[PDB]
Amino acid sequence: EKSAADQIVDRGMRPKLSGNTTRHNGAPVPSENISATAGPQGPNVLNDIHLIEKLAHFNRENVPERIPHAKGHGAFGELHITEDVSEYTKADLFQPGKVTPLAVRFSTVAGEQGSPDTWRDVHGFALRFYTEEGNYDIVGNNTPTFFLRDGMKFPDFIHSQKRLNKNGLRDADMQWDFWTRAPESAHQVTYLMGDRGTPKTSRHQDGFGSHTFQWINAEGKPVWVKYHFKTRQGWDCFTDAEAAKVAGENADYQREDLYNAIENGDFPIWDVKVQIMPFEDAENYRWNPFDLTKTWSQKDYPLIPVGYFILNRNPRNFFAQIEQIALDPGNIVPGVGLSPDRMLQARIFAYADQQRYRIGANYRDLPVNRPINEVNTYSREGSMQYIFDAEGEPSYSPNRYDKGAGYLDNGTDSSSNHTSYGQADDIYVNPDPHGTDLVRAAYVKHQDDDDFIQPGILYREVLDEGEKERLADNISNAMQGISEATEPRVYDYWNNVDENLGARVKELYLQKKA
Amino acid sequence: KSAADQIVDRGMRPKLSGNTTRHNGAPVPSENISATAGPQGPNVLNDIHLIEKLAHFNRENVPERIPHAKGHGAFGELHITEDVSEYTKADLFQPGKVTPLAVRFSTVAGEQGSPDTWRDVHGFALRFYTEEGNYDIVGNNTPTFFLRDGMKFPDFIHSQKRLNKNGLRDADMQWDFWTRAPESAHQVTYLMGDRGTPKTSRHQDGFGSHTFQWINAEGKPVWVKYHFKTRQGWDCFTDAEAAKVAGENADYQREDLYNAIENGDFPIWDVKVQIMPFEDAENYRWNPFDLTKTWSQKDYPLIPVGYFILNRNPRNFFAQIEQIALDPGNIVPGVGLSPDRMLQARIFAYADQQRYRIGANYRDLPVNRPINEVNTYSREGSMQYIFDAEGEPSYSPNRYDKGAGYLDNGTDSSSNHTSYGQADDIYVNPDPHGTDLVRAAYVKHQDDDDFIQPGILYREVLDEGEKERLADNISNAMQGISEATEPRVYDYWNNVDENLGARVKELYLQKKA
Amino acid sequence: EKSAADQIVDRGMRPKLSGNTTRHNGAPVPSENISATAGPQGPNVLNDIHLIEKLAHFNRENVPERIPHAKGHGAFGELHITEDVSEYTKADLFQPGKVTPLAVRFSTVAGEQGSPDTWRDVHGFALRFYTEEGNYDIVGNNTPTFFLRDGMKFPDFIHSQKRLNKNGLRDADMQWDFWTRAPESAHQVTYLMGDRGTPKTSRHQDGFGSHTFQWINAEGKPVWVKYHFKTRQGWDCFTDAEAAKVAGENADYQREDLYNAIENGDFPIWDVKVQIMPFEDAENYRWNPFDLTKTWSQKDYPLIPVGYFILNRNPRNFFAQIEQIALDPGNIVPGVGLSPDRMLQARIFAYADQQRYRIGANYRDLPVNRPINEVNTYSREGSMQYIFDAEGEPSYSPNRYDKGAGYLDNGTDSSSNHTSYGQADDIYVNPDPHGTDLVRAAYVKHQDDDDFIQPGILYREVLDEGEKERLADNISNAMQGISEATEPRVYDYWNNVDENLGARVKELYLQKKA
Ligand SMILES: NC(=O)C1=CN([C@@H]2O[C@H](COP(=O)(O)OP(=O)(O)OC[C@H]3O[C@@H](n4cnc5c(N)ncnc54)[C@H](OP(=O)(O)O)[C@@H]3O)[C@@H](O)[C@H]2O)C=CC1
Ligand SMILES: NC(=O)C1=CN([C@@H]2O[C@H](COP(=O)(O)OP(=O)(O)OC[C@H]3O[C@@H](n4cnc5c(N)ncnc54)[C@H](OP(=O)(O)O)[C@@H]3O)[C@@H](O)[C@H]2O)C=CC1
Ligand SMILES: NC(=O)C1=CN([C@@H]2O[C@H](COP(=O)(O)OP(=O)(O)OC[C@H]3O[C@@H](n4cnc5c(N)ncnc54)[C@H](OP(=O)(O)O)[C@@H]3O)[C@@H](O)[C@H]2O)C=CC1
Ligand code: HEM
Ligand code: HEM
Ligand code: HEM
Ligand SMILES: [Cl-]
């Protein structure tokens, strides 16, 4: 417990072993060097049991990588609460003085396993807190916003960032064809194409929940919140050229950086802060507060400190604890809720769904995925069931025994006779839906909602001249390879962000087109 | 000849003779003797055919369905003989249409080897290969069901299957669940009557059970329920007879159907609907969206649509029946859902299990492909047999011509605040009766309770022999329940009807030694 | 202006489609942009069927990558026979005048499927010929030899080339610890550390079967053979530094090169040649002829021309036709046999074993894996069974019908009554086994057999002075990061190859270390 995470990371690990190897049934292995033949020059025999066992398990080492965020790495640590936010949330892990074990995984998005850490890309920033009321995951990114506001479009974006169907090549035309035809992408593409598209390490970047979530206090009062994880190491970014150079020198530069830092006792820290928007502020804010492509201005809603987290433990086994971790924004806990962000709501479905396939039906039972409290469930069976309920316990509720049911239920019947429980605050306390029908509709339109104002503000009001110039230079690099059909779409896109940025992008682009 | 012939021939090899080949096409030396290093020497590793043959044998089994593992089916045709175009624009239901079909029949609780004639609900699952996509009506041989909320479905199904400790099915478990979930009473009464043991798949009705929606060319909705009325007529075993046949032929109904079709005795069902005007819903005496409530045929009589006939046996049972992926979520223009929470859970659940039970690309298998071309941006996944034309885009919106949704413009992401309005293709919704996410009861209609409908069946519909057999069947099914469950069951049946309840207890006590 | 492989490459491809999209049941998709909600600001509904279907299938796009050789790419083409080799083999594809469709996949070995093509590594060179007597695969490498002579050691070598269990980092100490303690590796490590460890493209390298195989003629007479695929484009290699620079600029450099070459009509060609060792020559050759770590001298066995192959077709769909191809040395055909090469014998089991898992039980039925002749098999069922036998055909043999049995069988009974078939020449005509017992034994020891003489010969008699210096430089670079425990073991390993090479390796290593 020299990290509070020691209880978690030690789960499943064998003691150190010596002497001679054994087969998987426990019988001694004769040789790891020579296989059995019928005569020295005779054929290999079928019944070299160790040989076949060794080859067959070797043949099954690989599992499907994540889509997206295949390339990643992580660590374990502790969340420490230093402020009192109890007036906003009853979430157990956020109460005063609470110390909670965590896991984190960082990643890129588009590239596969083995792809370089320092390709220009968004970086994943995904936390698990092992709380007393269950695992609470905040699966964030190193950006406060994102490319889209509807999950229907997510697989379109991700195919466009991956490889063409015909030849397995990533493609500039495809990336820009998608982005310019999905102009809601403007805010995040501006962020991505700036310095922060190439952070040097996982330690030298902020993390964000990106989405608006909900906090609910002990008396059932909700507020809207956004999470901000502010690096104590500070933002530090490569130039476009530097990142590509590092990609060739060390494709695992960030994975290695984090390992070395923790091994050397240089434990990275982030200050945990939130923006808090009162429930009553939501409808009249200048931007739609639930549109992922819109950040809340920190002038309107400043960061409020909560505490900090520290990464102080490397994994014991990378594959077992990091590759197999199943981080999921749907892992919420009491005191935390969702919001009418359609991207978030799609995510709440999508992660567990992929994980049931990528890992297996019983992925929740793996050491790194089990919570610290006992799971009380009627789920059973499935492939590779390691853990099962006490002998003879019932498989169904309501039942005549004592296993139990939901906290809203009485534990003895099916809640018939027209029983109602009321508002599902554990999902979220909803605002006005603005309609009574199943629809495919726009988000409620707020005064300053469009696809371009916020990245325009970033360019005009936040970025210094160097940042503005590198942005244009980066963009024009990224455009190399687009078709002639795509060129004017890209010019238009950037002009819509800012006419000066757009002019400079085109200027540099034509210079390089040679 | 059958309209299903083009479907059912997909994937089938020509008959082959001569000698066998390995899976790479090379000649097999022997199917009888394996290669050894000397006649009495060890088997060699590199008998390639031996290992290939053993390894593929080792991989023949796949997860059976949960539930409805034990089943069997056929192919056929739907024929429209009436004009229902005022109610629906669904292509397959338009005047004169003839549509190829598939069907799978099944029990519910038992596993792959279990008997067809255990007392159980029977599945009645149809696929129509329409010009506008596969439309599946995944029904049962009952117009109702045990529950009104999908949250409870795995509880019911575990209670119908085996105890975790010893792998035995269990009467106490079945009745403990049924009596503590009294919404079950309508279907339990149906299940425990004669129709719990139909002799064959041909001698039972089918039903969609749920309220669905039909929408016409002008966008006007009506609520509908499907009824498939058997031309062979209901014909049921007694409790004792079904149990006897269960041991004599575990595949009684599977064999019966295959034989009937081989002999040219093609079974036929008349396809009819009940149609409830959209404006009738709120004031009907029962909640029209509660699965445990039937619509009275006195209030809404059956309206004829056409008939379907089964005239084709599968070419290969595993390939075409075990691997068929029937799914109530396979709807088509002109058909919609309803605020039935059981139905809404099913719309998710089937494709979810199928992605696992069969594979991510299960839709590409011959029996699961529609007759029209699929135009999708989905790609890759295990065992991808079918892929798009070379170089076609993987994303939309794009600058090419593959296309997008019929609501979309095909060129952009529908930003700038584009709205499409009511999602009628899902269903034209009635009043939700609230503005908040809630866990709530169904809207309460005047005669809604858990017992009135099976009581009416018993008191007003069942004849004297049916009433007595019902009590006899229930008391048989009760044998083995714990003393802690007996009084709960007595009261349950009293709630249905006091005379039924009295008779059930009387017979139960007689049989209890 | 097409290809003989067009029949293969078109299997499974849809026609071009336009209009609007459909769900997977064929019904029209309402939108690819907006998901359905209960009110514009209400929750997403569960029954957006298209949303869930699109996300769920997106979630299942990935499959396990190969272990090893995850990162690869390929093409299709034609094998043309130009010489008469019928005196040596009856194999159909090798008969005079035969033109046979082919597939090829090139690859690296260690890295995962996003990793750079131009990491220093062995490159895979794996061919499939779609012959009239089945698919014949020659799954070779760009080297005539390899690191080991026993499949028992293969998973040890491959872990040592992949990532440490604790942190997911590849590791120089691990690579050299294994190589030096398994000194049979010396031949291939010398090849790997030379110029050929970094070929510029897939087109500018030779290919080899590496193992000794067997050819059998129509009369049943065997000879031992080795396959050589000599590039008409010529060897062309990066330096160690250039290869890393390219890895950062374009991780898919070689994938892109091959695609572009074929797209442009610059079809790469290799001349197909064999070495042929008479059956009577094997026991008295100066080296063991079945030891993968021993090449046959081309002074003793010159190359004999057979024909050439040309790559003239890019895949229609990369994932469907390349990622899912199941290349397998066990795919032999009449006229071709194996040998007492233990590595080869282990491979004959291992590939189909992995493919059953990596792809699925029915992987043989996928378009790219089906032969051009009809498969007549009693195998049945299994996940995703697309193809099934004619209605009512029997599932077992011997049977009273016509489907048949093996060519040695009579088609009517089980071959009891003590029926014997004799020597299994279809596997191979074996030489003497040199013993009568199941053993774990060394290979038969030939006069000049050791772990170091052949790369010593390469260094002393083949390499030019620049090649000799680059070799020492490359080695010393690859040694950076090894522990002090490993240093003297590496110094000694290189001295065993050659005292002068050894001295220069140590010299440069100590220079670079600081
Ligand atoms: N939560 C938010 O509102 C965030 C907004 N932004 C961008 O800043 C604009 C103004 O937001 P508002 O909060 O009103 O303004 P503020 O002035 O209060 O803050 C601007 C934000 O932009 C960040 N920033 C500085 N340089 C870059 C850059 N190179 N690339 C990306 N971000 C950078 C700042 O980080 P720092 O303090 O370290 O300089 C700060 O968090 C928005 O349009 C948005 O695009 C960016 C991050 C968070
Ligand atoms: N969709 C529906 O309205 C159906 C309802 N039921 C049951 O009938 C009751 C009355 O419904 P309503 O339509 O108003 O009355 P109706 O008289 O108009 O129809 C009653 C239905 O009950 C059927 N029935 C007859 N014997 C049995 C039995 N052994 N087990 C199950 N069903 C049987 C009849 O079949 P048949 O005409 O062939 O004799 C008929 O379909 C309901 O409470 C319900 O339990 C049952 C089937 C359909
Ligand atoms: N199958 C074989 O016999 C091969 C053996 N070797 C190596 O060559 C040595 C001598 O064998 P032998 O055939 O008797 O001699 P040969 O002179 O007849 O052939 C030497 C081989 O070495 C190749 N070679 C040239 N440069 C390099 C290099 N930078 N790295 C690796 N290989 C290179 C040659 O290719 P090229 O003609 O184009 O110059 C030629 O194939 C062996 O010890 C073996 O290590 C290498 C390739 C094939
Ligand atoms: C509707 C939009 C999105 C969908 C459908 C989606 C879906 C997914 C899925 C299925 C995975 C793989 C999970 C697994 O297999 O374990 C994943 C990975 C990931 N996603 Fe999302 N995503 C979306 C948008 C976002 C957003 C907005 C963020 C950040 C706020 C985000 C952050 C991440 C991170 C960090 C990972 C990697 C987690 C890890 O390291 O294991 N994604 N996404
Ligand atoms: C919310 C409640 C229900 C859920 C979650 C559910 C779920 C399922 C699932 C996942 C399957 C297996 C599908 C497959 O693997 O191919 C199945 C089988 C089946 N279910 Fe349902 N079911 C529900 C209620 C019903 C109802 C009400 C009916 C009839 C109206 C029904 C009829 C059937 C039939 C006929 C099959 C077998 C289809 C076949 O023959 O392949 N189920 N159920
Ligand atoms: C006993 C030693 C070896 C074993 C057990 C072994 C096993 C394997 C396996 C299981 C695969 C993945 C197959 C798949 O999933 O499709 C593979 C890939 C491959 N191996 Fe081997 N291997 C061995 C040595 C060799 C040798 C000596 C060569 C060359 C002569 C070679 C060439 C290749 C190539 C080219 C691939 C990639 C094929 C492709 O591009 O799809 N391997 N190896
Ligand atoms: Cl799955």
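So that the names make sense, note that chain A is the first sequence line, chain B the second, and so on, each numbered from 1.
- When all heavy atoms of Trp119(A) and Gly111(A) are compared, the closest pair comes out as CZ3-CA, 3.7 Å.
- Judged purely by atom type and a 3.5 angstrom limit, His123(A) uses its side chain to pair as donor or acceptor with the backbone of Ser107(A).
- Between the CD1 atom of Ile67(C) and the CG atom of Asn59(A) there is a distance of 8.0 Å, given to the nearest 0.5 Å.
- Checked by atom type and distance alone, the side chain of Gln324(C) pairs as donor or acceptor with a backbone atom of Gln384(B) at under 3.5 Å.
- Looking at every heavy atom in both residues, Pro455(C) comes nearest to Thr190(C) through CB-OG1, 3.3 Å.
- With values rounded to the nearest 0.5 angstrom, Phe309(C) atom CZ is found 5.5 Å from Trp270(C) atom CH2.
- Using modelled atom types, one side-chain atom of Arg120(C) and one backbone atom of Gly194(C) make a donor-acceptor pair closer than 3.5 Å.
- A donor-acceptor distance shorter than 3.5 angstrom exists from the side chain of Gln321(C) to the backbone of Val9(C), with no hydrogens or angles considered.
- For the 3.5 Å distance criterion, the side chains of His73(A) and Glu256(A) fail to qualify, holding no donor opposite an acceptor.
- Judged purely by distance below 3.5 Å, without hydrogens or angles, the side chains of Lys512(C) and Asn477(C) pair a donor atom with an acceptor atom.
- Electrostatic pairing of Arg203(A) and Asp257(A) counts as a salt bridge here, judged by a charged N lying under 4.0 Å from a carboxylate O.
- In the displayed structure, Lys245(C) atom NZ is contacted under 6.0 Å by at most 12 heavy atoms of other residues, nucleotides or ligands.
- Between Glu112(C) and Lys71(C), no side-chain nitrogen of the basic residue sits less than 4.0 Å from a carboxylate oxygen of the acidic one, so the salt-bridge criterion is not met.
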**OP:** Quick one: do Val63(C) and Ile359(C) satisfy side-chain contact (heavy atoms from CB on, under 4.5 Å)? Show the steps, please.
**Re:** CA-CA 7 Å; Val63(C) 290; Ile359(C) 307 168; over 6 Å; no
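- Side-chain contact between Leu311(C) and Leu102(C): present, with at least one pair of heavy atoms (C-beta onward) separated by less than 4.5 Å.
- Contact between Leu258(A) and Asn314(A) at its shortest, heavy atoms only, is O-ND2, 4.1 Å.
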Original post:
What do the steps show when you test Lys513(C) against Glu487(C) for side-chain contact (heavy atoms from CB on, under 4.5 Å), and what is the final call?
Top reply: CA-CA 11 Å; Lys513(C) 192 200 190 182; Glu487(C) 294 175 329; 2.6 Å; yes
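- Ion pairing between a basic and an acidic side chain is recognised when a charged N comes within 4.0 Å of a carboxylate O; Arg358(A) and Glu65(A) show no such pairing.
- You'll find the side chain of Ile325(C) reaches within 4.5 Å of the side chain of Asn369(C), heavy atoms only.
- In this structure, a donor-acceptor pair under 3.5 Å is absent between the side chains of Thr293(C) and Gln188(C).
- Counting all heavy atoms, side chain and backbone alike, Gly74(A) lies closest to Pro315(A) at O-CD, 3.5 Å.
- Side-chain contact between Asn165(A) and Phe318(C): absent, with no pair of heavy atoms (C-beta onward) separated by less than 4.5 Å.
- A salt bridge links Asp156(C) with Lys153(C); the closest basic N to acidic carboxylate O contact falls under 4.0 Å.
- Counting heavy atoms from C-beta on, the side chains of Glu380(B) and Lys162(A) never come closer than 4.5 Å.
- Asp121(A) contributes atom CG, which lies 8.5 Å from atom OG of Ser115(A) (distance to the nearest 0.5 angstrom).
- Atom CE of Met479(A) is separated from atom CG of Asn474(A) by 12.5 Å, given to the nearest 0.5 angstrom.
- In this model, no donor atom of one side chain and acceptor atom of the other lie less than 3.5 Å apart for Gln254(A) and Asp117(A).
- Relative ring orientation between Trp179(C) and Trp176(C) is described as perpendicular, the plane-to-plane angle rising above 60° on a 0-90° scale split at 30° and 60°.
- If you look at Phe58(A) and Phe154(C), their ring centroids are closer than 6.0 Å.
- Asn142(C) has its side chain within reach of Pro199(C): a pair of non-hydrogen atoms, C-beta onward, lies under 4.5 Å apart.
- Looking at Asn141(C), its side chain never comes within 3.5 Å of a backbone N or O of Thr143(C) through a donor-acceptor pair.
- No hydrogens or angles considered: nothing links the side chains of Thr198(A) and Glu242(A) as a donor-acceptor pair under 3.5 Å.
- With hydrogens and angles left out, the side-chain atoms of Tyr253(C) and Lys200(C) include no donor and acceptor closer than 3.5 Å.
- Checking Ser483(A) against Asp173(A) by side-chain atom types alone, a donor-acceptor pair falls below 3.5 Å.
- Residues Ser210(C) and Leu292(C) meet the side-chain proximity criterion, which asks for heavy atoms closer than 4.5 Å.
- For the pair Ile262(C) and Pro268(C), the minimum side-chain heavy-atom distance is below 4.5 Å.
- Seen from the ring of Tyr459(C), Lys468(C) counts as a face-on cation partner, given the 6.0 Å and 45° thresholds.
- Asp137(C) contributes a side-chain N or O that, together with a main-chain N or O of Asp328(C), makes up a donor-acceptor pair within less than 3.5 Å.
- Within the model, atoms CG of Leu501(C) and CH2 of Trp494(C) stand 6.0 Å from one another, a figure rounded to the nearest 0.5 Å.
- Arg255(C) contributes a side-chain N or O that, together with a main-chain N or O of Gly168(A), makes up a donor-acceptor pair within less than 3.5 Å.
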Subject >> Chi angles and distances behind the ring-ring contact (aromatic ring centres under 6.0 Å, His included) call for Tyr395(B), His159(A) >> reply: CA-CA 6 Å; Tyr395(B) 62 101; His159(A) 297 165; 8.8 Å; no
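- In this structure, the side chain of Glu263(A) does not engage the main chain of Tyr259(A) through any donor-acceptor pair within 3.5 Å.
- Side-chain atoms of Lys166(A) do not come within 3.5 Å of backbone N or O of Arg316(C) as any donor-acceptor pair.
- Checked by atom type and distance alone, the side chain of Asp473(C) never pairs as donor or acceptor with a backbone atom of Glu469(C) at under 3.5 Å.
- Stacking of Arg196(A) on the aromatic ring of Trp235(A) is recorded, both the 6.0 Å distance cut-off and the 45° axial limit being met.
- Using a 4.5 Å heavy-atom threshold, the side chains of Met174(A) and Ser394(B) count as touching.
- Considering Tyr191(C), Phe178(C), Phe157(C) in turn, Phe157(C) is the only one that fulfils the ring pair (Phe, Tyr, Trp, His ring centres under 6.0 Å) rule with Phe147(C).
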**OP:** Evaluate the criterion ring-ring contact (aromatic ring centres under 6.0 Å, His included) for residue pair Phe229(C) and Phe208(C); output intermediate values, then yes/no.
**Re:** CA-CA 6 Å; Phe229(C) 309 115; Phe208(C) 305 88; 8.0 Å; no
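- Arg347(C) is linked by a salt bridge (charged side-chain N to carboxylate O under 4.0 Å, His left out) to nothing, counting only residues two or more places apart in sequence or in another chain.
- When all heavy atoms of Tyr509(C) and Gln480(C) are compared, the pair lying nearest together is CD1-NE2, 3.3 Å.
- Side-chain contact of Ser185(C) with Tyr493(C): a donor-acceptor pair under 3.5 Å is present, judged by distance alone.
- Side-chain contact annotation: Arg66(A) with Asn62(C), donor-acceptor N/O pair under 3.5 Å absent.
- Side-chain polar atoms of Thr231(C) and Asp206(C) form no donor-acceptor pair below 3.5 angstrom.
- Between atom CD of residue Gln161(C) and atom OG1 of residue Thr108(C) there is a gap of 11.0 Å, rounded to the nearest 0.5 Å.
- Taking 4.0 Å as the cut-off between side-chain N and carboxylate O, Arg163(A) and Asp252(C) count as a salt-bridged pair.
- In terms of heavy-atom proximity, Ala103(C) sits nearest to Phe76(C) at CB-CE2, 3.4 Å.
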